[PDB]
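Trainee: Just one file: target.cif, with mmCIF, C-alpha atoms and all ligand atoms.
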```
data_coords
#
loop_
_atom_site.group_PDB
_atom_site.id
_atom_site.type_symbol
_atom_site.label_atom_id
_atom_site.label_comp_id
_atom_site.auth_asym_id
_atom_site.auth_seq_id
_atom_site.Cartn_x
_atom_site.Cartn_y
_atom_site.Cartn_z
ATOM 1 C CA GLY A 1 -7.367 15.540 16.151
ATOM 2 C CA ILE A 2 -5.331 13.247 13.869
ATOM 3 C CA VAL A 3 -7.241 14.506 10.815
ATOM 4 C CA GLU A 4 -5.569 17.919 11.184
ATOM 5 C CA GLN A 5 -2.794 17.991 13.805
ATOM 6 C CA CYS A 6 -0.990 15.302 11.775
ATOM 7 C CA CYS A 7 -2.832 15.717 8.459
ATOM 8 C CA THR A 8 -1.296 19.189 8.008
ATOM 9 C CA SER A 9 2.188 18.302 9.303
ATOM 10 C CA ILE A 10 4.055 15.042 10.024
ATOM 11 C CA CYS A 11 4.111 14.115 13.727
ATOM 12 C CA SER A 12 6.341 11.927 15.926
ATOM 13 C CA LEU A 13 5.795 8.344 17.126
ATOM 14 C CA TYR A 14 5.373 9.650 20.691
ATOM 15 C CA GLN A 15 2.423 11.892 19.753
ATOM 16 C CA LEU A 16 0.848 9.078 17.702
ATOM 17 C CA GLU A 17 1.209 6.763 20.720
ATOM 18 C CA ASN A 18 -1.098 9.058 22.722
ATOM 19 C CA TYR A 19 -3.950 8.015 20.404
ATOM 20 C CA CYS A 20 -3.351 4.343 21.286
ATOM 21 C CA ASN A 21 -6.155 2.496 23.111
ATOM 22 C CA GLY B 1 18.561 -10.847 9.181
ATOM 23 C CA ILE B 2 15.227 -9.080 8.609
ATOM 24 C CA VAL B 3 14.422 -11.532 5.791
ATOM 25 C CA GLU B 4 13.971 -14.387 8.301
ATOM 26 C CA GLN B 5 14.040 -13.193 11.929
ATOM 27 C CA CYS B 6 11.009 -10.999 11.164
ATOM 28 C CA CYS B 7 9.815 -12.637 7.928
ATOM 29 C CA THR B 8 8.920 -15.823 9.843
ATOM 30 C CA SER B 9 7.481 -14.046 12.909
ATOM 31 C CA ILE B 10 6.289 -10.493 13.639
ATOM 32 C CA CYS B 11 8.840 -8.501 15.659
ATOM 33 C CA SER B 12 8.771 -5.449 17.956
ATOM 34 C CA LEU B 13 9.479 -1.788 17.137
ATOM 35 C CA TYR B 14 12.534 -1.977 19.418
ATOM 36 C CA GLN B 15 14.095 -4.837 17.416
ATOM 37 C CA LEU B 16 13.329 -3.034 14.132
ATOM 38 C CA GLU B 17 15.019 0.092 15.550
ATOM 39 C CA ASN B 18 18.336 -1.788 15.818
ATOM 40 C CA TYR B 19 18.400 -1.968 12.001
ATOM 41 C CA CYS B 20 18.167 1.840 11.758
ATOM 42 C CA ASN B 21 21.157 3.663 10.232
ATOM 43 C CA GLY C 1 -15.467 -9.842 14.545
ATOM 44 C CA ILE C 2 -13.589 -8.535 11.489
ATOM 45 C CA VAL C 3 -10.363 -10.138 12.763
ATOM 46 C CA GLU C 4 -11.774 -13.608 12.008
ATOM 47 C CA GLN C 5 -15.083 -13.561 10.107
ATOM 48 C CA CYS C 6 -13.281 -11.750 7.265
ATOM 49 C CA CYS C 7 -9.653 -12.518 8.182
ATOM 50 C CA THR C 8 -10.329 -16.208 7.476
ATOM 51 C CA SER C 9 -12.498 -15.663 4.381
ATOM 52 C CA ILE C 10 -13.064 -12.683 2.055
ATOM 53 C CA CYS C 11 -16.398 -10.944 2.711
ATOM 54 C CA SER C 12 -18.813 -8.733 0.739
ATOM 55 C CA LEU C 13 -19.117 -4.924 0.754
ATOM 56 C CA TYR C 14 -22.572 -5.277 2.345
ATOM 57 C CA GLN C 15 -21.194 -7.170 5.365
ATOM 58 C CA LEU C 16 -18.312 -4.676 5.699
ATOM 59 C CA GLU C 17 -20.858 -1.828 5.617
ATOM 60 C CA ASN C 18 -22.462 -3.176 8.814
ATOM 61 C CA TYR C 19 -19.259 -2.234 10.670
ATOM 62 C CA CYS C 20 -19.586 1.403 9.531
ATOM 63 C CA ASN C 21 -20.141 4.042 12.243
ATOM 64 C CA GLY D 1 19.546 11.629 -5.248
ATOM 65 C CA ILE D 2 16.174 9.833 -5.317
ATOM 66 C CA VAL D 3 14.825 12.199 -2.638
ATOM 67 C CA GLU D 4 14.812 15.068 -5.166
ATOM 68 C CA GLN D 5 15.573 13.969 -8.741
ATOM 69 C CA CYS D 6 12.529 11.675 -8.491
ATOM 70 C CA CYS D 7 10.656 13.273 -5.569
ATOM 71 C CA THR D 8 10.189 16.476 -7.600
ATOM 72 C CA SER D 9 9.371 14.723 -10.898
ATOM 73 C CA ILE D 10 8.422 11.159 -11.917
ATOM 74 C CA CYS D 11 11.366 9.285 -13.480
ATOM 75 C CA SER D 12 11.662 6.221 -15.744
ATOM 76 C CA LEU D 13 12.251 2.548 -14.863
ATOM 77 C CA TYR D 14 15.690 2.820 -16.498
ATOM 78 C CA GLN D 15 16.815 5.653 -14.201
ATOM 79 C CA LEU D 16 15.413 3.825 -11.157
ATOM 80 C CA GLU D 17 17.385 0.726 -12.221
ATOM 81 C CA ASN D 18 20.655 2.662 -11.845
ATOM 82 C CA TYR D 19 19.979 2.745 -8.083
ATOM 83 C CA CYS D 20 19.748 -1.066 -7.882
ATOM 84 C CA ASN D 21 22.462 -2.883 -5.893
ATOM 85 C CA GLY E 1 -11.990 9.293 -17.934
ATOM 86 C CA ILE E 2 -10.837 8.070 -14.505
ATOM 87 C CA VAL E 3 -7.504 9.874 -14.968
ATOM 88 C CA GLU E 4 -9.285 13.243 -14.662
ATOM 89 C CA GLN E 5 -12.961 12.964 -13.661
ATOM 90 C CA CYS E 6 -11.797 11.222 -10.463
ATOM 91 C CA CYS E 7 -8.114 12.256 -10.494
ATOM 92 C CA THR E 8 -9.103 15.893 -9.851
ATOM 93 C CA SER E 9 -11.907 15.154 -7.350
ATOM 94 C CA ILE E 10 -12.937 12.126 -5.258
ATOM 95 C CA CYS E 11 -15.907 10.227 -6.731
ATOM 96 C CA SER E 12 -18.619 7.851 -5.457
ATOM 97 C CA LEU E 13 -18.663 4.034 -5.504
ATOM 98 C CA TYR E 14 -21.602 4.204 -7.948
ATOM 99 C CA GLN E 15 -19.618 6.198 -10.537
ATOM 100 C CA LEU E 16 -16.622 3.865 -10.105
ATOM 101 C CA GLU E 17 -18.929 0.860 -10.609
ATOM 102 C CA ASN E 18 -19.746 2.130 -14.115
ATOM 103 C CA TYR E 19 -16.129 1.401 -15.098
ATOM 104 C CA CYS E 20 -16.478 -2.241 -14.006
ATOM 105 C CA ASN E 21 -16.240 -4.869 -16.764
ATOM 106 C CA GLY F 1 -2.799 -15.895 -16.909
ATOM 107 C CA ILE F 2 -1.440 -13.558 -14.211
ATOM 108 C CA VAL F 3 -3.938 -14.981 -11.686
ATOM 109 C CA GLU F 4 -2.049 -18.307 -11.631
ATOM 110 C CA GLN F 5 1.247 -18.221 -13.567
ATOM 111 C CA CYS F 6 2.433 -15.477 -11.189
ATOM 112 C CA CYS F 7 -0.074 -15.939 -8.344
ATOM 113 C CA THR F 8 1.411 -19.366 -7.554
ATOM 114 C CA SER F 9 5.044 -18.293 -8.048
ATOM 115 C CA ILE F 10 6.869 -14.949 -8.318
ATOM 116 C CA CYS F 11 7.789 -14.030 -11.907
ATOM 117 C CA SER F 12 10.343 -11.720 -13.570
ATOM 118 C CA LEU F 13 9.901 -8.147 -14.831
ATOM 119 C CA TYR F 14 10.403 -9.435 -18.395
ATOM 120 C CA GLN F 15 7.442 -11.834 -18.136
ATOM 121 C CA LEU F 16 5.267 -9.130 -16.517
ATOM 122 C CA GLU F 17 6.208 -6.757 -19.368
ATOM 123 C CA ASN F 18 4.555 -9.128 -21.872
ATOM 124 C CA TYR F 19 1.190 -8.220 -20.298
ATOM 125 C CA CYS F 20 1.769 -4.495 -20.958
ATOM 126 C CA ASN F 21 -0.605 -2.807 -23.432
ATOM 127 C CA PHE G 1 -9.207 19.386 -4.233
ATOM 128 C CA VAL G 2 -8.391 15.788 -3.230
ATOM 129 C CA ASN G 3 -6.013 15.491 -0.249
ATOM 130 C CA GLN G 4 -8.052 14.654 2.876
ATOM 131 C CA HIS G 5 -9.142 11.245 1.540
ATOM 132 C CA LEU G 6 -5.476 10.416 0.860
ATOM 133 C CA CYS G 7 -4.177 12.169 3.986
ATOM 134 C CA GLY G 8 -6.424 10.113 6.298
ATOM 135 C CA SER G 9 -5.248 6.896 4.599
ATOM 136 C CA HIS G 10 -1.528 7.545 5.190
ATOM 137 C CA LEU G 11 -2.059 7.874 8.959
ATOM 138 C CA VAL G 12 -4.090 4.660 9.327
ATOM 139 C CA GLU G 13 -1.048 2.617 8.260
ATOM 140 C CA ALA G 14 1.127 4.480 10.781
ATOM 141 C CA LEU G 15 -1.589 4.183 13.453
ATOM 142 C CA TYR G 16 -2.246 0.480 14.116
ATOM 143 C CA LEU G 17 1.479 -0.165 13.600
ATOM 144 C CA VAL G 18 2.355 2.249 16.430
ATOM 145 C CA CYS G 19 0.035 0.589 18.969
ATOM 146 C CA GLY G 20 1.186 -2.912 17.973
ATOM 147 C CA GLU G 21 -0.933 -5.749 19.411
ATOM 148 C CA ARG G 22 -3.419 -3.092 20.585
ATOM 149 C CA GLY G 23 -6.069 -1.474 18.343
ATOM 150 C CA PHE G 24 -7.382 2.096 17.969
ATOM 151 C CA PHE G 25 -10.326 4.184 16.701
ATOM 152 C CA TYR G 26 -10.612 6.544 13.704
ATOM 153 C CA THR G 27 -13.426 9.115 13.457
ATOM 154 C CA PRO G 28 -12.885 12.230 11.318
ATOM 155 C CA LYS G 29 -15.428 14.693 12.760
ATOM 156 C CA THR G 30 -15.597 17.880 14.861
ATOM 157 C CA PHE H 1 3.481 -17.936 11.754
ATOM 158 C CA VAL H 2 2.896 -14.401 10.432
ATOM 159 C CA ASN H 3 -0.552 -13.824 8.903
ATOM 160 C CA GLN H 4 -2.684 -11.953 11.450
ATOM 161 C CA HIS H 5 -0.518 -8.802 11.377
ATOM 162 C CA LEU H 6 -0.868 -8.766 7.573
ATOM 163 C CA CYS H 7 -4.481 -10.004 7.565
ATOM 164 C CA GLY H 8 -5.566 -7.116 9.823
ATOM 165 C CA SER H 9 -3.808 -4.592 7.553
ATOM 166 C CA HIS H 10 -5.599 -5.656 4.346
ATOM 167 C CA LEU H 11 -9.027 -5.060 5.938
ATOM 168 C CA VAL H 12 -8.233 -1.530 7.175
ATOM 169 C CA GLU H 13 -7.804 -0.301 3.587
ATOM 170 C CA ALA H 14 -11.136 -1.897 2.633
ATOM 171 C CA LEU H 15 -12.736 -0.551 5.835
ATOM 172 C CA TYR H 16 -12.532 3.267 5.770
ATOM 173 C CA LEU H 17 -13.045 3.115 1.989
ATOM 174 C CA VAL H 18 -16.408 1.362 2.448
ATOM 175 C CA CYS H 19 -17.773 3.941 4.907
ATOM 176 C CA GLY H 20 -16.606 6.877 2.751
ATOM 177 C CA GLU H 21 -16.840 10.265 4.501
ATOM 178 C CA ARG H 22 -17.627 8.400 7.742
ATOM 179 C CA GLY H 23 -15.018 6.757 9.996
ATOM 180 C CA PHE H 24 -14.886 3.466 11.936
ATOM 181 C CA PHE H 25 -13.173 1.671 14.845
ATOM 182 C CA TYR H 26 -10.710 -1.249 14.867
ATOM 183 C CA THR H 27 -9.995 -3.316 17.998
ATOM 184 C CA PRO H 28 -8.768 -6.915 17.697
ATOM 185 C CA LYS H 29 -9.793 -8.512 21.019
ATOM 186 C CA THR H 30 -12.259 -11.078 22.411
ATOM 187 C CA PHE I 1 5.315 -20.946 -3.238
ATOM 188 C CA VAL I 2 5.018 -17.137 -3.167
ATOM 189 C CA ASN I 3 5.601 -15.580 0.277
ATOM 190 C CA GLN I 4 9.161 -14.202 0.414
ATOM 191 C CA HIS I 5 8.472 -11.552 -2.251
ATOM 192 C CA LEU I 6 5.430 -10.366 -0.259
ATOM 193 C CA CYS I 7 7.030 -10.915 3.164
ATOM 194 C CA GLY I 8 9.949 -8.636 2.240
ATOM 195 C CA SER I 9 7.540 -5.922 1.029
ATOM 196 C CA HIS I 10 5.571 -5.745 4.302
ATOM 197 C CA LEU I 11 8.743 -5.027 6.317
ATOM 198 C CA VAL I 12 9.913 -2.176 4.049
ATOM 199 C CA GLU I 13 6.873 -0.062 4.983
ATOM 200 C CA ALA I 14 7.513 -0.779 8.674
ATOM 201 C CA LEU I 15 11.249 -0.115 8.225
ATOM 202 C CA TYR I 16 11.724 3.470 6.998
ATOM 203 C CA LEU I 17 8.751 4.495 9.176
ATOM 204 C CA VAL I 18 10.546 3.230 12.297
ATOM 205 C CA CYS I 19 13.730 5.228 11.646
ATOM 206 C CA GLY I 20 11.755 8.364 10.728
ATOM 207 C CA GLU I 21 13.886 11.131 9.180
ATOM 208 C CA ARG I 22 16.774 8.635 8.969
ATOM 209 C CA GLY I 23 17.106 5.987 6.223
ATOM 210 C CA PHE I 24 18.091 2.287 6.186
ATOM 211 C CA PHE I 25 19.431 -0.488 3.924
ATOM 212 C CA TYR I 26 17.744 -3.657 2.612
ATOM 213 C CA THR I 27 19.746 -6.575 1.165
ATOM 214 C CA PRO I 28 18.296 -10.104 1.307
ATOM 215 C CA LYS I 29 21.370 -12.373 1.122
ATOM 216 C CA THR I 30 23.387 -14.768 3.323
ATOM 217 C CA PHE J 1 3.964 21.374 4.626
ATOM 218 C CA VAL J 2 3.806 17.553 4.461
ATOM 219 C CA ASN J 3 5.043 16.080 1.161
ATOM 220 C CA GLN J 4 8.556 14.678 1.690
ATOM 221 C CA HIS J 5 7.425 11.989 4.154
ATOM 222 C CA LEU J 6 4.827 10.837 1.597
ATOM 223 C CA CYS J 7 7.036 11.470 -1.450
ATOM 224 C CA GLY J 8 9.764 9.189 -0.036
ATOM 225 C CA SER J 9 7.234 6.406 0.641
ATOM 226 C CA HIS J 10 5.898 6.295 -2.935
ATOM 227 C CA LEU J 11 9.390 5.640 -4.330
ATOM 228 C CA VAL J 12 10.224 2.807 -1.910
ATOM 229 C CA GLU J 13 7.436 0.641 -3.372
ATOM 230 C CA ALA J 14 8.721 1.365 -6.892
ATOM 231 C CA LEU J 15 12.318 0.779 -5.744
ATOM 232 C CA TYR J 16 12.623 -2.807 -4.463
ATOM 233 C CA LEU J 17 10.174 -3.836 -7.210
ATOM 234 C CA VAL J 18 12.515 -2.501 -9.923
ATOM 235 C CA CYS J 19 15.586 -4.457 -8.750
ATOM 236 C CA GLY J 20 13.495 -7.616 -8.266
ATOM 237 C CA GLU J 21 15.262 -10.401 -6.333
ATOM 238 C CA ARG J 22 18.015 -7.876 -5.527
ATOM 239 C CA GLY J 23 17.771 -5.280 -2.730
ATOM 240 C CA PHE J 24 18.780 -1.604 -2.445
ATOM 241 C CA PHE J 25 19.572 1.204 0.028
ATOM 242 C CA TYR J 26 17.613 4.348 0.970
ATOM 243 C CA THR J 27 19.268 7.244 2.830
ATOM 244 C CA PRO J 28 17.789 10.745 2.491
ATOM 245 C CA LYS J 29 20.756 13.025 3.292
ATOM 246 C CA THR J 30 23.101 15.501 1.570
ATOM 247 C CA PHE K 1 5.162 18.439 -10.592
ATOM 248 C CA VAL K 2 4.484 14.858 -9.439
ATOM 249 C CA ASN K 3 0.799 14.051 -8.801
ATOM 250 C CA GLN K 4 -0.529 12.121 -11.814
ATOM 251 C CA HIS K 5 1.699 9.090 -11.160
ATOM 252 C CA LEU K 6 0.460 8.984 -7.545
ATOM 253 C CA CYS K 7 -3.130 9.962 -8.416
ATOM 254 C CA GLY K 8 -3.439 7.072 -10.894
ATOM 255 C CA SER K 9 -2.149 4.654 -8.230
ATOM 256 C CA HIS K 10 -4.757 5.585 -5.590
ATOM 257 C CA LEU K 11 -7.636 4.776 -7.967
ATOM 258 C CA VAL K 12 -6.335 1.320 -8.941
ATOM 259 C CA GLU K 13 -6.753 0.070 -5.360
ATOM 260 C CA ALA K 14 -10.288 1.507 -5.294
ATOM 261 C CA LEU K 15 -10.978 0.088 -8.780
ATOM 262 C CA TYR K 16 -10.563 -3.709 -8.684
ATOM 263 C CA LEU K 17 -12.027 -3.662 -5.148
ATOM 264 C CA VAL K 18 -15.250 -2.093 -6.469
ATOM 265 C CA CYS K 19 -15.918 -4.686 -9.201
ATOM 266 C CA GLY K 20 -15.049 -7.527 -6.794
ATOM 267 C CA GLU K 21 -14.637 -10.927 -8.495
ATOM 268 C CA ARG K 22 -14.707 -9.080 -11.844
ATOM 269 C CA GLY K 23 -11.744 -7.262 -13.427
ATOM 270 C CA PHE K 24 -11.350 -3.906 -15.212
ATOM 271 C CA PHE K 25 -9.078 -2.021 -17.634
ATOM 272 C CA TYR K 26 -6.841 1.013 -17.009
ATOM 273 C CA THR K 27 -5.457 3.106 -19.885
ATOM 274 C CA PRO K 28 -4.540 6.765 -19.311
ATOM 275 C CA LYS K 29 -4.810 8.379 -22.763
ATOM 276 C CA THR K 30 -6.977 10.795 -24.780
ATOM 277 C CA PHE L 1 -9.007 -20.010 2.499
ATOM 278 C CA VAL L 2 -8.121 -16.379 1.709
ATOM 279 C CA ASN L 3 -5.154 -15.946 -0.663
ATOM 280 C CA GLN L 4 -6.514 -15.178 -4.147
ATOM 281 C CA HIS L 5 -8.014 -11.831 -3.095
ATOM 282 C CA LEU L 6 -4.618 -10.854 -1.648
ATOM 283 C CA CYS L 7 -2.576 -12.580 -4.372
ATOM 284 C CA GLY L 8 -4.336 -10.581 -7.114
ATOM 285 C CA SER L 9 -3.775 -7.311 -5.215
ATOM 286 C CA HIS L 10 -0.001 -7.786 -4.912
ATOM 287 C CA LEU L 11 0.377 -8.127 -8.699
ATOM 288 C CA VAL L 12 -1.665 -5.000 -9.525
ATOM 289 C CA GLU L 13 0.924 -2.773 -7.812
ATOM 290 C CA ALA L 14 3.660 -4.556 -9.774
ATOM 291 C CA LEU L 15 1.625 -4.347 -13.001
ATOM 292 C CA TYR L 16 0.993 -0.668 -13.799
ATOM 293 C CA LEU L 17 4.473 0.139 -12.430
ATOM 294 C CA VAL L 18 6.055 -2.200 -15.007
ATOM 295 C CA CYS L 19 4.412 -0.657 -18.096
ATOM 296 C CA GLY L 20 5.105 2.867 -16.786
ATOM 297 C CA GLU L 21 3.255 5.642 -18.665
ATOM 298 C CA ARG L 22 1.230 2.888 -20.374
ATOM 299 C CA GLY L 23 -1.775 1.092 -18.835
ATOM 300 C CA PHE L 24 -2.910 -2.560 -18.721
ATOM 301 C CA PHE L 25 -5.971 -4.788 -18.190
ATOM 302 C CA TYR L 26 -6.827 -7.203 -15.355
ATOM 303 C CA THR L 27 -9.566 -9.845 -15.636
ATOM 304 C CA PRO L 28 -9.448 -12.997 -13.495
ATOM 305 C CA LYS L 29 -11.414 -15.573 -15.520
ATOM 306 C CA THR L 30 -10.937 -18.735 -17.616
HETATM 307 ZN ZN ZN A 101 -0.268 8.808 -1.448
HETATM 308 ZN ZN ZN A 102 -0.063 -8.689 1.790
#
```
Rewrite the structure of this file - the entire thing - as structure tokens.
Ligand SMILES: [Zn+2]
Ligand SMILES: [Zn+2]

Mentor:
Amino acid sequence: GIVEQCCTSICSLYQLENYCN
Amino acid sequence: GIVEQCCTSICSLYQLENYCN
Amino acid sequence: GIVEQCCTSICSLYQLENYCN
Amino acid sequence: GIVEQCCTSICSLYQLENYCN
Amino acid sequence: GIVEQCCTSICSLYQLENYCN
Amino acid sequence: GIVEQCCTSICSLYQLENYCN
Amino acid sequence: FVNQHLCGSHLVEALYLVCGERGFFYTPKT
Amino acid sequence: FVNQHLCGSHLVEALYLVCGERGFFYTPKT
Amino acid sequence: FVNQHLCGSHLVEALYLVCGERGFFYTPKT
Amino acid sequence: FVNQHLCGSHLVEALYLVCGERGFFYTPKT
Amino acid sequence: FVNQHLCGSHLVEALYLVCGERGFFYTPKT
Amino acid sequence: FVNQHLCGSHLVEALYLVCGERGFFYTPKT
């Protein structure tokens, strides 16, 4: 998930917030 | 500004966004 | 657990390995 | 300036000092 | 040594321990 | 040396340069 | 060669900072 | 005042590095 | 003693990351 | 693909450290 | 182009942490 | 309590960066 969708291309703070607890 | 208002106490992402260009 | 037992005193690699998946 | 002249090739401490305030 | 044997490929903690003092 | 003279008080780049190889 | 060990370390810093007072989980596996 | 936000960031670097190819979880809560 | 030199370095990482593609300025002075 | 977001974060650490007690500005734009 | 200056900085953090209370030496040269 | 393990890690980043292409040694002992 984050080891590919964001590891192969910068993402936004909104998408990173979806991985929050 | 950021060398005291946030250096003496963690802040929020919203407050740190006000210092954006 | 790690936000106190090691945040208030350095720990060893063995103790930090117990938190591994 | 620094996002290309130094992002595409390591620079020296002297060149990086020219960007100081 | 470490600027090539481990700079061109991740290594293990055991190999990095050999460089300890 | 650096674990006290600079660990108990920030130092200058000139003093840190004296520890260079 | 190297790139995943350094790529998974640049997202951890921008991970707990996004949540804030909350925490998160990190498990690189399919 | 500040110290927990920086104390929880110095353990994350020494956390995933200890496991290695494995991952881990981080949740500051009682 | 030391604390301002390390306190001003922990906010720089959480400064340019907040803006994103934009930049910012840092000048510690009254 | 990724490389500018990480290339601009490796210079910030070596930027404020060069000036020392002084500060600096960072604005990636043409 | 760049890669050795950043590759030699990712091993320093994983170098002194390995030894622990001990220290180590770093000299890039043949 | 903690402070020497974090105080010796903040000088390492400002140590190899000072020398530049040169290296340096680090050994905490009397
Ligand atoms: Zn990197
Ligand atoms: Zn710190």

Trainee: Using all atoms listed in the file, which residues sit within 9 Å of residue E:7 once same-chain residues fewer than 6 positions away are excluded, as a list in words?

Mentor: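 Close residues of residue E:7: residues 1 of chain E; 2 of chain G; 4, 7, 8, 10 and 11 of chain K.
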
Trainee: Assuming the chain letters and numbering stay as they are in my file, what does the PyMOL selection byres ((chain L) within 9 of (chain F)) actually select? List them as a CSV table (one decimal) with C-alpha atoms, in the coordinates of the input.

Mentor:
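Writing the result to part21.csv gives the following:
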```csv
chain,number,residue,atom,x,y,z
L,4,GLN,CA,-6.5,-15.2,-4.1
L,7,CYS,CA,-2.6,-12.6,-4.4
L,8,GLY,CA,-4.3,-10.6,-7.1
L,10,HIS,CA,0.0,-7.8,-4.9
L,11,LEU,CA,0.4,-8.1,-8.7
L,14,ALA,CA,3.7,-4.6,-9.8
L,15,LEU,CA,1.6,-4.3,-13.0
L,16,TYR,CA,1.0,-0.7,-13.8
L,18,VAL,CA,6.1,-2.2,-15.0
L,19,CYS,CA,4.4,-0.7,-18.1
L,22,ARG,CA,1.2,2.9,-20.4
L,23,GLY,CA,-1.8,1.1,-18.8
L,24,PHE,CA,-2.9,-2.6,-18.7
L,25,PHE,CA,-6.0,-4.8,-18.2
L,26,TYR,CA,-6.8,-7.2,-15.4
L,27,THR,CA,-9.6,-9.8,-15.6
L,28,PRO,CA,-9.4,-13.0,-13.5
L,29,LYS,CA,-11.4,-15.6,-15.5
L,30,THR,CA,-10.9,-18.7,-17.6
```

Trainee: Least-squares superpose chain B on chain A across all ordered C-alpha pairs, then write out what you get as a CSV table (one decimal) with C-alpha atoms, in the coordinates of the input.

Mentor:
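Writing done, so here's out.csv:
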```
chain,number,residue,atom,x,y,z
B,1,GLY,CA,-7.5,15.5,16.1
B,2,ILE,CA,-5.4,13.2,13.9
B,3,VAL,CA,-7.2,14.5,10.8
B,4,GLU,CA,-5.6,18.0,11.2
B,5,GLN,CA,-2.8,18.0,13.8
B,6,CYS,CA,-1.0,15.3,11.8
B,7,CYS,CA,-2.8,15.7,8.4
B,8,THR,CA,-1.3,19.2,8.0
B,9,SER,CA,2.2,18.3,9.3
B,10,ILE,CA,4.1,15.0,10.0
B,11,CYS,CA,4.1,14.1,13.7
B,12,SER,CA,6.3,12.0,16.0
B,13,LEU,CA,5.8,8.4,17.1
B,14,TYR,CA,5.4,9.6,20.7
B,15,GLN,CA,2.4,11.9,19.7
B,16,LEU,CA,0.9,9.1,17.7
B,17,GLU,CA,1.2,6.8,20.8
B,18,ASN,CA,-1.1,9.0,22.8
B,19,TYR,CA,-3.9,8.0,20.4
B,20,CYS,CA,-3.4,4.3,21.3
B,21,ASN,CA,-6.2,2.5,23.1
```

Trainee: Can you give chain H as an mmCIF file with C-alpha atoms, in the frame of the given file after you superpose it on chain G, pairing all C-alpha atoms in order for the least-squares fit?

Mentor:
```
data_model
loop_
_atom_site.group_PDB
_atom_site.id
_atom_site.type_symbol
_atom_site.label_atom_id
_atom_site.label_comp_id
_atom_site.auth_asym_id
_atom_site.auth_seq_id
_atom_site.Cartn_x
_atom_site.Cartn_y
_atom_site.Cartn_z
ATOM 1 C CA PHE H 1 -9.202 19.374 -4.235
ATOM 2 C CA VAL H 2 -8.367 15.790 -3.215
ATOM 3 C CA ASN H 3 -5.987 15.494 -0.247
ATOM 4 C CA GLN H 4 -8.046 14.641 2.846
ATOM 5 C CA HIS H 5 -9.149 11.226 1.524
ATOM 6 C CA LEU H 6 -5.476 10.401 0.871
ATOM 7 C CA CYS H 7 -4.177 12.214 3.970
ATOM 8 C CA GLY H 8 -6.446 10.139 6.241
ATOM 9 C CA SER H 9 -5.260 6.905 4.585
ATOM 10 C CA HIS H 10 -1.533 7.518 5.184
ATOM 11 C CA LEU H 11 -2.094 7.899 8.950
ATOM 12 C CA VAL H 12 -4.076 4.653 9.342
ATOM 13 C CA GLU H 13 -1.038 2.596 8.290
ATOM 14 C CA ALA H 14 1.125 4.492 10.797
ATOM 15 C CA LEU H 15 -1.623 4.197 13.441
ATOM 16 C CA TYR H 16 -2.252 0.486 14.114
ATOM 17 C CA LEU H 17 1.479 -0.126 13.576
ATOM 18 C CA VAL H 18 2.349 2.242 16.444
ATOM 19 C CA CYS H 19 0.026 0.557 18.959
ATOM 20 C CA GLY H 20 1.216 -2.944 17.981
ATOM 21 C CA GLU H 21 -0.916 -5.760 19.438
ATOM 22 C CA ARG H 22 -3.415 -3.109 20.588
ATOM 23 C CA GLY H 23 -6.047 -1.483 18.350
ATOM 24 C CA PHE H 24 -7.367 2.085 17.971
ATOM 25 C CA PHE H 25 -10.320 4.160 16.708
ATOM 26 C CA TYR H 26 -10.601 6.537 13.730
ATOM 27 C CA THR H 27 -13.417 9.096 13.398
ATOM 28 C CA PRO H 28 -12.911 12.266 11.339
ATOM 29 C CA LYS H 29 -15.459 14.720 12.795
ATOM 30 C CA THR H 30 -15.601 17.921 14.877
#
```

Trainee: If you measure from atom ZN of ligand ZN 101 (chain A) to atom CA of residue H:3, what distance in Å do you get, rounded to one decimal?

Mentor: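 If I compute the distance from atom ZN of ligand ZN 101 (chain A) to atom CA of residue H:3, I get 24.9 Å.
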
Trainee: Quote the spacing between atom CA of residue K:21 and atom CA of residue L:21 in Å to one decimal place.

Mentor: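 Atom CA of residue K:21 sits 26.4 Å away from atom CA of residue L:21.
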
Trainee: What are the centre and the three edge lengths of an axis-aligned box that wraps all atoms of stretch 5-18 of chain A in the file, given that 3 Å is added to every side, written as lines of an AutoDock Vina configuration file and rounded to one decimal in Å?

Mentor:
```
center_x = 1.8
center_y = 13.0
center_z = 15.4
size_x = 15.2
size_y = 18.4
size_z = 20.7
```

Trainee: For the atom pair atom CA of residue G:20 and atom CA of residue L:9, what is the interatomic distance in Å to one decimal place?

Mentor: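 So the two atoms, atom CA of residue G:20 and atom CA of residue L:9, lie 24.1 Å apart.
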